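Student:
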Amino acid sequence: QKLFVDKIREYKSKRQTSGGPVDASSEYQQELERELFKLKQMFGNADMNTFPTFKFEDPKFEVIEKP
Amino acid sequence: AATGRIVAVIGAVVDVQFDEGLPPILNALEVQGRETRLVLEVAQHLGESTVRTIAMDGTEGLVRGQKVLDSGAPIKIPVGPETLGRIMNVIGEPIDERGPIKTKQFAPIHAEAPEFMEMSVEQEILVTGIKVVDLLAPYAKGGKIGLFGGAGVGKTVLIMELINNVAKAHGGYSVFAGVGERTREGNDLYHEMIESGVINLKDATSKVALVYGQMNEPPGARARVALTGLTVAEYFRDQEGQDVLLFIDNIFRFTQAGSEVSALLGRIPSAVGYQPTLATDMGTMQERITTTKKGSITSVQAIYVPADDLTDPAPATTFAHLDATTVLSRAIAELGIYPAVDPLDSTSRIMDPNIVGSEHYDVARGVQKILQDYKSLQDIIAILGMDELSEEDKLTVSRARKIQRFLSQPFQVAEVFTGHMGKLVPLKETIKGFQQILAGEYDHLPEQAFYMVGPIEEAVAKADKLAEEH
Amino acid sequence: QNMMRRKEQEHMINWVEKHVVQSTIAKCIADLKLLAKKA
Amino acid sequence: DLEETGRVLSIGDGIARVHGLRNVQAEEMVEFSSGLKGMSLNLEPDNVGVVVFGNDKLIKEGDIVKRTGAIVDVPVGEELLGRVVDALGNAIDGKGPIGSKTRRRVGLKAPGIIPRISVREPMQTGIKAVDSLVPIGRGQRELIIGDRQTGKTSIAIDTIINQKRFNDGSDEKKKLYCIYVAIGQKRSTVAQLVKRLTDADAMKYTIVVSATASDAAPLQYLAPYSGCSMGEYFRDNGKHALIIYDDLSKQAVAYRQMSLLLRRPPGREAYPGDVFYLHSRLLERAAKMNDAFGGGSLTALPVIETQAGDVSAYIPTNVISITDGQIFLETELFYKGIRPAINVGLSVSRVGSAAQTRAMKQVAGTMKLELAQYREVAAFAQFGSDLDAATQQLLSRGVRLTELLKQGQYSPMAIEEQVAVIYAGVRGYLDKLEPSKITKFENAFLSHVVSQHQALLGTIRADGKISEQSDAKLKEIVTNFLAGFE
Amino acid sequence: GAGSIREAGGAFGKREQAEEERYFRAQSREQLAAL
Ligand SMILES: Nc1ncnc2c1ncn2[C@@H]1O[C@H](COP(=O)(O)OP(=O)(O)OP(=O)(O)O)[C@@H](O)[C@H]1O
Ligand SMILES: Nc1ncnc2c1ncn2[C@@H]1O[C@H](COP(=O)(O)OP(=O)(O)O)[C@@H](O)[C@H]1O
Ligand SMILES: [Mg+2]
Ligand SMILES: [Mg+2]
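One line per chain: the protein sequences are L, D, K, A and J, in this order.
Be aware that the first sequence starts at 40, since it is given in the deposited numbering, and climbs by one per residue.
Be aware that the second sequence starts at 11, since it is given in the deposited numbering, and climbs by one per residue.
Mind the numbering: the third sequence is residues 162 to 184, 193 to 208 in the deposited numbering, read in order.
Be aware that the fourth sequence starts at 24, since it is given in the deposited numbering, and climbs by one per residue.
Be aware that the fifth sequence starts at 11, since it is given in the deposited numbering, and climbs by one per residue.
#1: Between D86(L) and chain K, is any beta-carbon pair separated by less than 7 Å?
#2: In three-state DSSP terms, what is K198(A)?
#3: So what does DSSP say about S339(D), is it helix, strand or coil?
#4: Cutting at 7 Å between CB atoms, please list the residues of its own chain near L456(A), excluding the five before and the five after it.
#5: Closer than 8 Å by C-beta to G90(D): which residues in its own chain qualify, once you throw out the five before and the five after it? Chain order, please.
#6: Establish whether the CB of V102(L) and some CB of chain K are separated by less than 7 Å.
#7: Please list, in chain order, the chain D residues whose beta carbon lies closer than 7 Å to that of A331(A).
#8: Under 8 Å by Cβ, that's how I've got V213(A) and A223(A) pegged, so tell me the actual separation to the nearest angstrom.
#9: What does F158(D) pair with, by DSSP beta-bridge criteria?
#10: When you compare the region 298-305 of chain D with the region 136-144 of chain D, are there three or more beta-carbon pairs, one atom per stretch, that lie closer than 8 Å?
#11: What did DSSP end up calling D453(D) once you bin it into helix, strand or coil?
#12: On the criterion of 16 or more Cβ atoms from any shown chain inside 10 Å, does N37(D) qualify as buried, or is it exposed?
#13: Quick check on DSSP: helix, strand or coil for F464(A)?
#14: Going by DSSP, what residues sit across from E54(A) in a beta bridge?
#15: Count the other CB atoms, across all protein chains shown, that sit within 10 Å of the CB of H120(D); report buried if there are 16 or more and exposed otherwise.
#16: Measuring only the C-alpha atoms, how far is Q432(A) from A133(A)?
#17: Assess, as a yes-or-no matter, whether the region 155-172 of chain A is touched by the region 305-317 of chain A under the definition of 3 or more beta carbon pairs within less than 8 Å.
#18: Measuring straight from C-alpha to C-alpha, what distance separates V235(D) and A275(A)?
#19: Within 6 Å: the Cβ of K165(D) and any heavy atom of ligand 3?
#20: For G251(D) and chain L, any beta-carbon pair shorter than 7 Å?
#21: How would you call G305(D), buried or exposed, if buried means at least 16 neighbouring beta carbons within 10 angstroms?
#22: Nearest to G59(L) by CA position, among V181(K), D200(K) and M173(K), is which residue?
#23: Using DSSP bridges, identify the partner residues of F351(A).
#24: Contact criterion: CB-CB distance below 7 Å. Does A123(D) meet it with respect to chain A?
#25: Just checking: is the beta-carbon of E169(K) within a distance shorter than 7 Å of some beta-carbon in chain L?
#26: For the region 467-480 of chain D against the region 164-173 of chain K, are there 3 or more C-beta pairs whose distance is under 8 Å?
#27: Taking 6 Å as the cut-off, is the CB of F421(D) close to at least one heavy atom of ligand 2?
#28: Could you name the residues of the region 278-312 of chain D whose beta carbon sits closer than 8 Å to any beta carbon of chain L, in the order they occur along the chain?
#29: So with CB distances below 7 Å, who are the chain J contacts of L476(D)?
#30: Considering only the beta carbon of each residue, do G395(D) and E29(J) sit closer than 7 Å?
#31: From what residue to what residue does the alpha helix (DSSP H) around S33(A) run?
#32: Of all Cβ atoms in chain D, is any one closer than 7 Å to the Cβ of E84(A)?
#33: If you measure from the CB of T176(A), is any heavy atom of ligand 4 nearer than 6 Å?
#34: Does the beta-carbon of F28(D) have 16 or more other beta-carbons within 10 angstroms, so that it is buried, or is it exposed?
#35: For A293(A), count neighbouring C-beta atoms within 10 Å of its own C-beta (all shown protein chains included) and say buried if the count is 16 or more, exposed if not.
#36: If I'm right that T60(D) touches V17(D) with Cβ under 8 Å, what's the distance once you round it to whole angstroms?
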């Protein structure tokens, strides 16, 4: 049951992740920073971790009464 | 790795017999016992543990039984910011006499095209400063462009003007790939890039990488040098996220190179004498020149059109790989109008009112319509003459000739061909000038006032001067 | 949250497969037992 | 898992000459040791010629080739709607696997003589020129032929977007499921097309089969048949499908590559002897079934790119001979401002009025006769002011109807509004208006009839014809808006 | 075939070009002097 050894013994191996954020990667951060840069820059440019403030405009108007 | 022996040398095709460890297809093999490095790319497994290969350099002096060593990978070229300001050939050797290219990573020149889920639909107009391009068939940031033309219509001058304008306005590591072109033009471009500061031989802030395989190279080098330049640009796009410019001149040569070995690889010719694998080779090459979600590649490709055909299989196959084709015409260059862009044959996928604005689109369509009407009226003009035209039609012909002249523009790189100064017309100025010509705002000015001017203010000033002289 | 979940579970699945490659007469005997069980 | 195998004698250009495999069938799908797939096209006494579904750099001399025992098949079903798939039905849009239940062979035979009934129901495109002058019916094979960049894909996309009005309604008899097979295109072009179809909400009833330019020649060869099988699923189950092969020239090129590399005898333009057989057995599968077979249908819209308008080339000749008509596009008409650039003189629909509603028939017979007379006397423009009043009237009405046929991109019109507009045209209510305003009028008038006259449009849509009450009401609406028009 | 006569070159296309140039050099003369 070679793969069945794999499937349990490795998911168990990944489950031992108490201090592990990404299960002993030692890498993948060098590109994660790029992905999160691209993903964030294509969703916007401000800080997308806070609430947005709102500035609002008022339509323009002119002199309309009979001159 | 594995060692074999040359068993046949016919032209640029070499057969190698491996006793142990037949190399996969597309591997690079090194011939042992040669002064300069000769590389053979595997193309076919012939059976009986023999492989057919294409030579990247000359095959003279090769002997049957000469030892060939397997590298275990395709041609690997150095990639990185160290390639900027350098010139490499098809196999990545530095051919600028400036020493080795000490990058820290090498990339194989054969890779898979980006997937479908990696495509980006963003279309943003790239203003070049050229009147006819921006007006009728504008280029987009991250799109594939393509410049079609026969021999001597101005593909190189236009691609050099684009280099000048965009690349000096750009901040994203351009890459030029000379594919089967004149070596004289390569030296010219190298030195006009050094003197322009784009390539810096000291204090390495160079922003262009050059890859060159010219007309004197064997078919294999001319077929793979486009892939080499593509791989440099691909590293700049993926592993650095930068926005790359990719100039290729000429891409037709790539196609042509394949033909020059096709029958020697044992393949029945297709139509017009082209390899049976024309469309798929062009596909697997061009599908790698693309903008992905990881980066952007704007590519300008000069496409030679043999004998001004445009129906030859090579240009006709290239047409479907581009986003904004610019087709140069000899009938236009013989009028004296430069650039020789054909207004009724150029196309752009961003010539859409929802993209360029309704004013831009309406002006472009009005220009194209009045030029088509001029075409239709020229027959009547040949038969009847000019004096028997309707007055609306004389007005049409006048405005059409004026628009023809105004689409012309003096280039900064053609200052020797014309003696004129270079002009870089902004987009709004182009739209405004052509709208004003179409509206009739300049019916009183002559037509030679619009020949080789920038904005319309220059047409007015030139008319005033032409009058003040006589 | 999805993209970080995708890169991670991808970096997990190729880890766990690469991590058993580092890891049997019972199998060789079991193979012939399976070939007998072919019938 | 005991499998019959063979050895790769040789590999090159995507062709594997394979030893053994004594029991492999013709056109059977085999699997290489590297996981790649292939199809056995040449069964020769000493070897089998396998075409490789991928890149031949993974195949080496000596690799093991397994059989699968099955002719190529693809998943079919409604689970494919809204998906982008490859030529073999694998999802390429990253939205998970296709949860289909049924598989169908890509090389099944077309319905015979008896299972068919005449083509009688309209397939609305939303383009005024097509729906009025070149009508397409459900079960027809109408060719979209033209030069490059003349507006063919736009016609296909308008036809796909237009079916939203029918697919959002409740009338199950009028629903049309679309399939867009893209052969030899860029992946970014297909992504733009998919985005355009999603924005128009047209993906929920559309399948997009994508065999792009970097895919192997066998995949581009096979993609039209995969799409045709996915549409035959609907055609067999009482539903109605439309399929657009964009385009068949590139499939012919891919098949020619495969044949030339298999050393099959070349013919004219190096195409094999059975390229006509190829396109004909692909296109005869678009049929209209009788009620005894569910009443379903499959409509084919093959696309062909001609070089310099040369319709006497090999593949254009073949596909023109096979189909039931053609929509011809001209680049000169394109740059004259006539868009969609349909050439009405050359376009033809051999189904014809049998594929039109009675209202469109009413107005379109008149429009066709008038545009024909206009085409006859159209050379006399540039001199029109110096002929009879009848010739000048012919020219006037002709240019009015010509400007009446121009249409914007991605904006297909309902059949009722098309009928109202052609009514305003061929009844004379645009002769007093000068040409440069027609289009503008056509817009404003349209809005008018859409806003305040839903009753007349709904009654025409429900009746399919213009009855005398409908005729008179249309009359009054047109004359009122025209009198009150700027 | 809208510009077929002057795209083919030949006598009928070379005479058309000459006629156009004659007319418009006349008009450019009578347009410059009026400036
Ligand atoms: N009815 C229309 N109105 C305005 N523009 C149009 C119309 N139809 C098409 N176009 C434009 O003409 C151009 C070419 O059209 P399209 O790409 O759909 O035809 P095509 O034959 O498929 O081109 P290709 O050679 O790339 O396959 C497009 O940019 C499109 O936006
Ligand atoms: N923009 C231009 N301005 C002036 N002359 C030009 C221009 N483009 C081309 N020419 C002329 O046409 C000749 C051919 O130019 P070239 O760039 O070599 O065309 P191609 O690359 O198609 O062979 C040039 O030597 C030049 O005299
Ligand atoms: Mg040149
Ligand atoms: Mg198209």
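Idealized CB from N, CA, C, for every residue including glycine.
Tutor: Let's see:
#1: For this step, residue 86(L) is matched to residue 47 along the first sequence. Answer no: the Cβ-Cβ gap between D86(L) and chain K never drops below 7 Å.
#2: Here residue 198(A) refers to the residue found at position 175 of the fourth sequence. It is coil, neither helix nor strand.
#3: Along the second sequence, one-based indexing puts residue 339(D) at 329. Coil.
#4: Here the question's residue 456(A) lines up with position 433 in the fourth sequence. Within the same chain, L456(A) has close Cβ partners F464.
#5: Here residue 90(D) refers to the residue found at position 80 when the second sequence is read from its first residue. Cβ neighbours of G90(D) beyond the five flanking positions: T113, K114, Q115 and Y245.
#6: Here residue 102(L) refers to the residue found at position 63 when the first sequence is read from its first residue. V102(L) does not count as touching chain K.
#7: Here residue 331(A) corresponds to residue number 308 of the fourth sequence, with the count starting at 1. Simply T321.
#8: Numbered from its first residue, the fourth sequence carries residue 213(A) at position 190. Numbered from its first residue, the fourth sequence carries residue 223(A) at position 200. That belief does not hold up - the Cβ atoms of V213(A) and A223(A) are roughly 16 Å apart, past 8 Å.
#9: Translated into the one-based positions of the second sequence, residue 158(D) becomes position 148. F158(D) pairs with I313(D) and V337(D).
#10: no
#11: Reading the second sequence from its first residue, position 443 is the one you call residue 453(D). In the structure shown, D453(D) sits in coil (DSSP, three-state: anything other than H, G, I, E or B).
#12: Taking the first residue of the second sequence as 1, we reach residue 37(D) at position 27. Classification of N37(D): buried, given that the 10 Å Cβ count is 16 or more.
#13: Numbered from its first residue, the fourth sequence carries residue 464(A) at position 441. Reduced to three states, the DSSP call for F464(A) is helix.
#14: Translated into positions along the fourth sequence, residue 54(A) becomes position 31. Bridge partners of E54(A): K60(A) and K89(A).
#15: Here residue 120(D) corresponds to residue number 110 of the second sequence, with the count starting at 1. Answer is buried; the Cβ neighbour count reaches 16.
#16: Mapped onto the fourth sequence, residue 432(A) falls at position 409. Mapped onto the fourth sequence, residue 133(A) falls at position 110. About 34 Å.
#17: yes
#18: Walking along the second sequence from the start, residue 235(D) turns up at place 225. Walking along the fourth sequence from the start, residue 275(A) turns up at place 252. Approximately 30 Å, taken between the alpha carbons.
#19: Reading the second sequence from its first residue, position 155 is the one you call residue 165(D). Answer for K165(D): yes, Cβ within range of ligand 3.
#20: By 1-based counting over the second sequence, the position of residue 251(D) is 241. Judged by the 7 Å Cβ criterion, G251(D) is in contact with chain L.
#21: By 1-based counting over the second sequence, the position of residue 305(D) is 295. So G305(D) counts as buried.
#22: Here residue 59(L) is taken as the residue at index 20 of the first sequence, counted from 1. When each option's Cα is compared against that of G59(L), the closest is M173(K).
#23: Your numbering for residue 351(A) matches position 328 in the fourth sequence. In the DSSP output, where bridge partners are listed per residue, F351(A) has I168(A).
#24: Along the second sequence, read from residue 1 onward, the residue named residue 123(D) stands at position 113. Yes, its Cβ sits closer than 7 Å to a Cβ of chain A.
#25: Translated into the one-based positions of the third sequence, residue 169(K) becomes position 8. Cβ-Cβ to chain L under 7 Å: yes for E169(K).
#26: no
#27: On the second sequence, residue 421(D) is found 411 positions in, with the first residue counted as 1. Because some heavy atom of ligand 2 lies under 6 Å away, the Cβ of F421(D) counts as near it: yes.
#28: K303 and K304
#29: Start at 1 with the first residue of the second sequence, and residue 476(D) comes out as number 466. Residues of chain J passing the Cβ test: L42.
#30: Position 385 of the second sequence, counted from the first residue, corresponds to residue 395(D). Position 19 of the fifth sequence, counted from the first residue, corresponds to residue 29(J). In contact: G395(D) and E29(J) (Cβ atoms closer than 7 Å).
#31: The sequence position of residue 33(A) within the fourth sequence is 10, counting from 1. Where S33(A) is concerned, there is no enclosing alpha helix (DSSP H), although the beta strand (DSSP E) it sits in stretches over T28 to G35.
#32: Taking the fourth sequence and counting its residues from 1, the one referred to as residue 84(A) is at position 61. Yes, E84(A) counts as interfacial toward chain D.
#33: Residue numbering aside, residue 176(A) sits at position 153 when the fourth sequence is read from its first letter. Under cutoff, so the answer is yes.
#34: Taking the first residue of the second sequence as position 1, residue 28(D) is located at position 18. Looking at its Cβ environment, which holds 16 or more other Cβ atoms inside 10 Å, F28(D) is buried.
#35: The residue you call residue 293(A) lines up with position 270 of the fourth sequence. By the neighbour-count rule (16 or more Cβ atoms within 10 Å), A293(A) is buried.
#36: Taking the second sequence and counting its residues from 1, one reaches residue 60(D) at position 50. Taking the second sequence and counting its residues from 1, one reaches residue 17(D) at position 7. That pair is a contact at about 7 Å.
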